[PDB]
Amino acid sequence: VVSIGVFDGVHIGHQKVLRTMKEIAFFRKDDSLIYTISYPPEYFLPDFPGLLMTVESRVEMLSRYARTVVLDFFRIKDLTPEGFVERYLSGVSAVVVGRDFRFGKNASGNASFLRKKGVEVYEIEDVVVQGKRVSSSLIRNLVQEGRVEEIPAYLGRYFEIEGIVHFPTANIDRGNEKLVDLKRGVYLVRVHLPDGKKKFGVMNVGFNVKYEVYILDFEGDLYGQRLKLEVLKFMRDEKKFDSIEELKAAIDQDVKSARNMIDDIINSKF
Amino acid sequence: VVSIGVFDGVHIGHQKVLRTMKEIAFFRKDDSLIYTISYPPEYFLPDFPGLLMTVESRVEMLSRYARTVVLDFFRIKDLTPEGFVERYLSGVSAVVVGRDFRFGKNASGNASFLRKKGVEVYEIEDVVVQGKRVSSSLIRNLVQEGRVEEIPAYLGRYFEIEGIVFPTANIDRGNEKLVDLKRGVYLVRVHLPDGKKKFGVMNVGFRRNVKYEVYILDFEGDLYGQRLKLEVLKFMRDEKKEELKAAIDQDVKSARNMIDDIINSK
């Protein structure tokens, strides 16, 4: 049994597809295989917001479900539908995909084509949350608007900023991939440090976009090391100051606000 | 002189804080006192791995260093820094804590606040092992990854599973939120009552909730409602799929061989 799709973000709609693949595999006493298409066609079209996560990160998540193989979009898009099936689906009796699934030359391949070739296909309906269909597009839009508190309902977890590291803040290099950017401003984040230690931080998003985080209650150099930041809440909009002391006041004020929010989170469990 | 912290696991970094406290006490000609906060703030967050040991077990270990008093997270979380000092640090002239120590509502209290109140604060630097700073978080992650062989370098001893109760002994660790080992099979040293020590093969599996079952080698009068302490020595193999009775004999075989090697290493 095979699942096919981009799966950018591995949101709850994606998880539904993957779980379905696993159930069928179990039912059929068969093995599972995930084909993840590198990029959606929009990635190569005007005004693309960007991926929610790198392909590498996506594959790490998909791999927890089943063996995962990346299909290079730029390549498979030139294959005839027959060519695609001949190269990737021999012996496969069941395919699980989402709605509007397309593949091959001029996107001429679809679920109907796969069925006519002996392959049975389950097209999973999108998950609906608050009257909206869960999609990578919708989540990217939420990121661009800074509505990070609303993301978990669709993504299944908090939106994350991840990269190499490049008051004493830390700049995050997210890599060369085309990724979606947060709305400029100040955010409260949960910092996942290398040791495995977790801290809270104040992250500034400014401008390409630059990601800087001030980690609360932590001291040390993290240069050359990876950091994973869960973006929890939008604190305030970007603000320009015509003075350094005014900036200082602003920072010290953000950290105080952060500590208060953290306290609220802690006391919310009771 | 008072040490303050959570001290979950009493690892080598904690031991450094406590040893320093005792030295300061000696030269100041003071008594020593350890305030151990029941739970860290993270304990209440959904992704908390769990404590390395119960508060009771922790207190028993801390008591080997000095008189130990538990601070109830619930009773101190809403106090102002001023309120905390008034209620817990009356007459205290010195405290020993880790760097970045925080207390009071909104974590507004810190070392600087204490100094302004006339209290001398000795901040203790994190201990570094390999290229990593020792912390309960680091050790908790090793446990989750089943990397039990690497734990002693940070904890100062093997990670332990403690509780009441092929055949096997099912260990009830209590009602506290404790960290769970990576599912699978482990080699453990079993500390039975009466100072007896045996080896065992422990299985960690589900039902959500994690169960701990140990096949104790060379011992038959199973300790029904008795207390057991297991040192987790080695990760043997991952969890697997009626040849269960086959997989077992293979595990025991591996255990016997590992045990023999230890002995041969006089």
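Neighbour counts are summed over all protein chains in view; Cβ atoms, including those assigned to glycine, are modelled from backbone coordinates with ideal geometry. Basis: the model, the stated rules and, where named, an outside source; no laboratory read-out is quoted.
Values for this structure:
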item: When residues of the range A:201-212 are limited to those that are in a strand (DSSP E or B) and either among the hydroxyl-bearing types (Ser, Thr, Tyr) or more than 20 Å from the chain's Cα centre (by Cα) (or both), the one nearest to A:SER257 (Cα to Cα); result: A:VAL202
item: Test: residue in the range B:15-36 that is under 30 Å from B:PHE159 (Cβ atoms), within 14 Å of chain A (Cβ to nearest Cβ), within 18 Å of the chain's Cα centre (by Cα) and surrounded by fewer than 20 Cβ atoms within 10 Å (Cβ to Cβ); result: no
item: Subset of the range A:176-194 (residues that are within 14 Å of chain B (Cβ to nearest Cβ), surrounded by 19 or more Cβ atoms within 10 Å (Cβ to Cβ) and not aliphatic (A, V, I, L, M)); result: A:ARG190
item: Pairs, first farther than 10 Å from B:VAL6 by Cβ in the range B:32-48, second polar (S, T, N, Q), C-beta under 6 Å, six or more apart; result: B:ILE34/B:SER3; B:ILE34/B:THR68
item: Count of the range B:172-200 residues which are in a loop (DSSP other than H, G, I, E, B) and under 25 Å from B:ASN257 (Cα atoms); result: 5
item: Hey, B:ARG147 over 18 Å from B:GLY225 (Cα atoms), surrounded by fewer than 17 Cβ atoms within 10 Å (Cβ to Cβ) and not assigned by CATH to the domain that holds B:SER38 or not; result: no
item: Some residue of the range A:258-266 being more than 9 Å from chain B (Cβ to nearest Cβ) and assigned to a loop (DSSP other than H, G, I, E, B); result: no
item: Matching residues in the range A:203-228 - criterion: being under 24 Å from A:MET53 (Cα atoms), hydrophobic (A, V, I, L, M, F, W, C) and within 14 Å of chain B (Cβ to nearest Cβ); result: A:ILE215, A:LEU222
item: Test: residue in the range A:47-66 that is surrounded by fewer than 17 Cβ atoms within 10 Å (Cβ to Cβ), within 21 Å of A:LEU179 (Cβ to Cβ), assigned by CATH to the domain that holds A:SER137 and of a type in the set (S, T, N, Q); result: yes
item: Among the residues listed as A:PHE101, A:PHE73, A:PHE48, the single one being more than 28 Å from A:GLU162 (Cβ to Cβ) and of a type in the set (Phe, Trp, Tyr); result: A:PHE101
item: Of all residues making up the range A:228-248, the number that are of a type in the set (A, V, I, L, M) and exposed (fewer than 12 other Cβ atoms within 10 Å of the Cβ); result: 1
item: Elements of type helices (runs of 4 or more DSSP H) in the range B:51-167, at least 2 residues being within 12 Å of chain A (Cβ to nearest Cβ) and farther than 15 Å from B:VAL10 by Cβ; result: B:73-76, B:136-144
item: Complete set of residues in the range B:213-245 that are over 21 Å from the mean Cα position of the chain (by Cα) and of a type in the set (A, V, I, L, M); result: B:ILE216, B:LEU217, B:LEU223, B:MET236, B:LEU244
item: Residues (closer than 26 Å to B:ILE151 by Cα and not acidic (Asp, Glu)) located in the range B:228-247; result: B:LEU228, B:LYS229, B:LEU230, B:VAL232, B:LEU233, B:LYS234, B:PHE235, B:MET236, B:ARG237, B:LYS240
